[PDB]
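Chains as they are written, first to last, in the deposited numbering: chain A, 1136 to 1249; chain B, 1023 to 1249; chain C, 682 to 853, 866 to 908; chain D, 1363 to 1581.
Yeah, the Cβ is synthetic: ideal placement off N, Cα and C, and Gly gets one too.
Some notes on the structure that comes next.
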Amino acid sequence: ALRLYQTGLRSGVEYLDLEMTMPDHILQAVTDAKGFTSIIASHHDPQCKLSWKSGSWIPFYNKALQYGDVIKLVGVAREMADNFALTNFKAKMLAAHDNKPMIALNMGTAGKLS
Amino acid sequence: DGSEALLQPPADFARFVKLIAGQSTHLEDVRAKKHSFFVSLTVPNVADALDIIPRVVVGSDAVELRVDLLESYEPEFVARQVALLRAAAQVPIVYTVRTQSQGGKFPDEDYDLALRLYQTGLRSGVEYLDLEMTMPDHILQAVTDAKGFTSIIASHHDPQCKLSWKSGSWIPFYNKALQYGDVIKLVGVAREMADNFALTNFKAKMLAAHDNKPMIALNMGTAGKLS
Amino acid sequence: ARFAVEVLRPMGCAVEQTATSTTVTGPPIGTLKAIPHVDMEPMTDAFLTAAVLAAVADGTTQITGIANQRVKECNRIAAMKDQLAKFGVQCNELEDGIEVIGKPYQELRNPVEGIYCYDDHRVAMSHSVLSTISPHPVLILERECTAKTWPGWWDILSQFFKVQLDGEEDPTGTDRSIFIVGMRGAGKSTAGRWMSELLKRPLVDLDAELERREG
Amino acid sequence: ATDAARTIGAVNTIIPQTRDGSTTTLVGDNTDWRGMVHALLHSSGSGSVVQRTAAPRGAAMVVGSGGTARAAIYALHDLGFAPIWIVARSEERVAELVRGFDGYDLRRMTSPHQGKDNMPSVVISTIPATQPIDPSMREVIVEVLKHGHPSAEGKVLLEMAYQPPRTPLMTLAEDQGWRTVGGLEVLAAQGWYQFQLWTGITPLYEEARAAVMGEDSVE
C-alpha cells in the first residue's frame, strides 16, 4: 500500500485517496511527501455501522480534517430520509470548517439522491 | 345528436353512473399505486382544446378542471365543460375552484357563486372536488353533506409563506382538512432545499398518525421541485 | 317475576318463595328437564332467558305468545334462532313463538363465529348465561350494550358468580334507489333505460305503476 | 389466467402482481383479441361497419384454423357479431376450433349460398400469405368478397400476417371495395394493451403505432 501510495505521489497525481482506516505511520508518511497533490481523506461504511444524525461520523471527520485537503465520507441509505440527514450533516460541517470541502454520499439505490 | 334513444349507454354516461351509484374505485386504485398524478388544465375552454385533452392526460390518473381559469363562471357553462372533459379524457375529474388569495383567479369573497359552482361539480358526479379550507364553515358543511361518492380534497395554499413545516403551524389546517376531506392537500413554498426535507418529514408523521386519509403535500417555486 | 315459578321449577329447579324473596337452586349440571309448552306473553321480555335454558335441556321446548318480539328492537325471535345455531342447537320460528331442540351441554358446538348481540342488551345477557357452562370459552361481541338495562351485569357475573371474564377485540351505503326527475321528452326514459342496463337493476315508470296500481 | 385467455386457450402476456407480504404472482392474459377489436373499431376507416353500426352487428367471418383464429372469434363476439362464419380445411379441425365457445353461433361455410341473408360484413384472415389457399376455401372466400356492394356497406378485411405489408388476399378485397387493415396495425394495438397492463399508463395509440412502423422509435 505504502509503495503504491508513493507511486501515485511520484507520478504527480492531482488527487490521492488514502483511507482513514490506514495505520498512522502510513498516514504520516504519505502526508509528509504529498507535495502539491491534494489528499482526499476517505472513509466508507458498507456494513452501515455509522449514522449521519447521531454524529457517529465525527471521529472520522475530525481525523480526515487534519490529514485531508478534501474529506470523503460514504455511508449507506436504507430509506430516503437517510439522504436528508446526510445533506444536513454536510451543511453543518461546511459551516464549521469552510476551508475543507467534502464529498458525502450514500450507497445503494436508496441513496441515489445523495 | 338527437338520436340518443336508439343508442346503447355511452362510456361518457357509464363513467358518470359508476360514480353516483357508489361503484367507483377511483381512490382505492390511485392509492394502491406507488406513484400517481393528475394533470392541471390551464385552458380557458375545454371545447376549444378538445383535440389536446387525451394527449395531456397520458400518465395521469385524473384531470383537474381548474374552474377559476375558465373563460366563464356560469354554472350551466361549467357543467358542459365537465361533461365535455369526462367524454374526452375518459378518466376521473378533479373539480377545482381556486381562489385568488390561494393563487387562482376566483374571487375570495364571492361565496354565493362558489356554492353554486361547488354544487355544479357534485351534481356532475366528479370523482374529486377541491374545496379550500379557507371557505366559510356554512359552505364547508353544505358541500360535505351533499358530497355523495365524490371524494373531497380539502386544500390549503400558502403563497405568501406564512406557515412552516417544522414548527407545526400547518396543524390547524391539517386538523380542519382531516374532518372535511377524503384527501388532504397542503401546499407551501420552498426557499431552500431543506424546506422539502421538512415537508417530507411532516407528511410522514401525519400519515403515521392518520393512515386512513392520504395527503398531497408540495412546495411551490423551483426550489420546491423535489417535493 | 312469574319466570321463577312458571319456567324454572318446571325445568327442575328448587324454587322457594316468600312474600318478598325468591330463591332458586338449579338441578345437577345439564339435567334440566325440557318444558313441552309455555305461554310467555305475560313475560314477553324474558323469553330469551328461557330460550338459552331450553337449549341445554332434555327434550324439545316450545315457547309461545311472543309475536311482539319481532319488532321490539331487532328480530329477537330470529336473533335467538341463528345465534343459538352457532352452538349447534337448531330452533324453529313459529307463528308467534319459538321451538328449541335441546342438547346435552357437554357436546355443544364451539361458536367460533362469536356471538353477535344486534346491540340488544337482552341478547347479550341471555347468551351470557349459556356461556357459563359451555365446553368452549364463548366470545360475546358488544359487551357494552348491556348498559341499556344493566351496565354492571359483567361486574356482578365476576363478583358474585366468580366468573373469569377477559377483554378481546371484535374480530369482525351502496345500492340506493335512484329517482329520475325532469319532464317528459327530455331524455328521461333513455337515461333511465341506460341506468337499468348499466347497474343490472329494474326500471320502473312511476306513471305506469300509478296506472296499474289504480287500475 | 384471465377469463379471456382461459376461454381462448392462449396467453400472449405475462403480468406480475406484487402481493405485498406474500411472494409475487404471475398472471396470464391475452391481448391479441383486444388488439383485433381495437383495430376494427379505430384503425379501420371511419364509415367502417364497426363505426357505422351497433351491436348486434350481424354476420362476420374467420378464415383459417390457427390459435389466432381462436382469438379472432372472441374478438368478433365482443364486438357483437353473430353469426360468426368459419372457413377452414377440414371439419375435424373446425370442430376443435369451436370447442370452448358456447352460444357464439359458430357455423362452417363450405358453400356461398349458405350465407343468404347473413353474409359477413367483416372478415379476419389467419391463414399465412406464404401458403397458397385451398381451392375449396378460395371458392367460398372469393364469393364472400364479391357479394353485395362492400364499399357502401363499409365492409372490412383484417389480415393477421404482416409480411408482406399487403397480402394477396388484401389485394382482392381492395379490388372489391373492402377496407383492409394490415397485421402491423393489430401488432401495435395488441402491444399497446400489454404496455397498459404492465405500467398503468395509457399513451396514445399513435405513439405505439409509430413505434412499430419505425416512424418514431428508439433503435
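Identity of the residues DSSP links to residue i by a beta bridge
i	result
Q743(C)	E780(C)
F1060(B)	Paired residue(s): none; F1060(B) is not in a bridge.
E1521(D)	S1487(D)
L1208(B)	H1178(B) and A1239(B)
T827(C)	Partner(s): none; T827(C) has no beta bridge.
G1170(B)	Partner(s): none; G1170(B) has no beta bridge.
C1183(A)	In DSSP, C1183(A) forms no bridge with anything.
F1128(B)	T1121(B)
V1449(D)	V1425(D)
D1152(A)	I1175(A)
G1390(D)	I1376(D)
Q750(C)	According to DSSP, which records beta bridges pairwise, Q750(C) is partnered with nothing at all.
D720(C)	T745(C)
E1086(B)	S1062(B) and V1116(B)
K714(C)	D739(C)
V1543(D)	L1520(D)
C694(C)	Paired residue(s): none; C694(C) is not in a bridge.
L1468(D)	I1446(D)
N773(C)	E780(C)
Own chain partners of residue i with C-beta closer than 8 Å, once the 5 adjacent residues on each side are dropped
i	result
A1199(B)	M1155, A1176, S1177, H1178, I1206, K1207 and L1208
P1066(B)	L1091, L1092 and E1093
residue 1608(D)	Because chain D here runs from 1363 to 1581, residue 1608(D) falls outside it and cannot be looked at.
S1498(D)	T1472
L1072(B)	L1106 and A1110
Supposed contact pair residue j and residue i - C-beta distance, whole angstroms, cut 8 Å
i	j	result
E1086(B)	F1128(B)	That pair is no contact at about 14 Å.
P691(C)	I716(C)	5 Å
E1453(D)	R1470(D)	7 Å
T745(C)	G778(C)	4 Å
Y1524(D)	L1549(D)	6 Å
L1144(B)	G1126(B)	No, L1144(B) and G1126(B) are not in contact; Cβ-Cβ is about 19 Å, not under 8 Å.
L1403(D)	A1431(D)	Actually they do not touch by this definition, with Cβ atoms about 20 Å apart.
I1174(A)	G1203(A)	5 Å
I1376(D)	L1388(D)	6 Å
Own chain residues within Cβ distance below 7 Å of residue i, not counting five before or after
i	result
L729(C)	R757, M761, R803, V804 and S807
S1191(A)	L1185
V1079(B)	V1061, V1085, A1111 and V1113
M1228(B)	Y1196 and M1237
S815(C)	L789
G1429(D)	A1372
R683(C)	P723 and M724
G1147(B)	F1038, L1041 and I1042
Own chain residues within Cβ distance below 6 Å of residue i, not counting five before or after
i	result
residue 1251(B)	Outside the displayed span of chain B (1023 to 1249) sits residue 1251(B), for which this structure offers no information.
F768(C)	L789, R790 and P792
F1224(A)	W1187
residue 1588(D)	Look at the range of chain D in this structure, 1363 to 1581, and you will see that residue 1588(D) is not part of it.
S1249(A)	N1218, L1221, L1240 and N1241
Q1538(D)	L1507, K1508 and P1512
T704(C)	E697
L1520(D)	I1486 and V1543
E794(C)	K767
Under 8 Å (Cβ pairs) to chain B, residues found in the stretch 1560-1577 of chain D: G1562, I1563, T1564, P1565 and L1566
Cβ-based contacts, 7 Å cut-off: residues of the stretch 876-889 of chain C near chain B: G880, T883, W887 and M888
Would the stretch 731-738 of chain C count as touching the stretch 806-814 of chain C if we require 3 or more Cβ pairs under 8 Å? Remark: three or more beta-carbon pairs, one from each stretch, lie closer than 8 Å, so the stretch 731-738 of chain C and the stretch 806-814 of chain C are flagged as touching.
Report the residues of the stretch 1408-1433 of chain D with a CB closer than 8 Å to any CB of chain B, ordered along the chain. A1416 and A1417
If we count Cβ pairs, one from each stretch, closer than 8 Å, do we get three or more for the stretch 1496-1511 of chain D versus the stretch 1463-1480 of chain D? By the criterion of at least three beta-carbon pairs nearer than 8 Å, the stretch 1496-1511 of chain D is in contact with the stretch 1463-1480 of chain D.
Against chain D, which members of the stretch 1075-1088 of chain B pass a CB distance test of less than 7 Å? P1076, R1077, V1080 and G1081
Quick check: the stretch 1395-1402 of chain D against the stretch 1429-1436 of chain D, are there 3 or more CB pairs under 8 Å? yes
Counting Cβ pairs, one atom from each stretch, are 3 or more of them under 8 Å apart for the stretch 1405-1425 of chain D and the stretch 1484-1501 of chain D? yes
Is it a yes or a no for the stretch 1211-1222 of chain A touching the stretch 824-834 of chain C, going by three-plus beta-carbon pairs under 8 Å? no
Can we say the stretch 1488-1497 of chain D touches the stretch 1520-1535 of chain D, given the rule of at least three CB pairs closer than 8 Å? yes
Spell out a yes or no on whether the stretch 1536-1547 of chain D and the stretch 1404-1416 of chain D are touching, meaning 3 or more CB-CB pairs, one atom from each, closer than 8 Å. yes
The stretch 1210-1224 of chain A: positions lying closer than 8 Å to chain E by Cβ: Absent from the structure is chain E; the protein chains it does hold are A, B, C and D.
So if I threshold CB-CB distances at 7 Å, which residues from the stretch 1054-1078 of chain B count as touching chain D? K1055, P1076 and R1077
Report the residues of the stretch 889-901 of chain C with a CB closer than 8 Å to any CB of chain B, ordered along the chain. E890, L891 and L892
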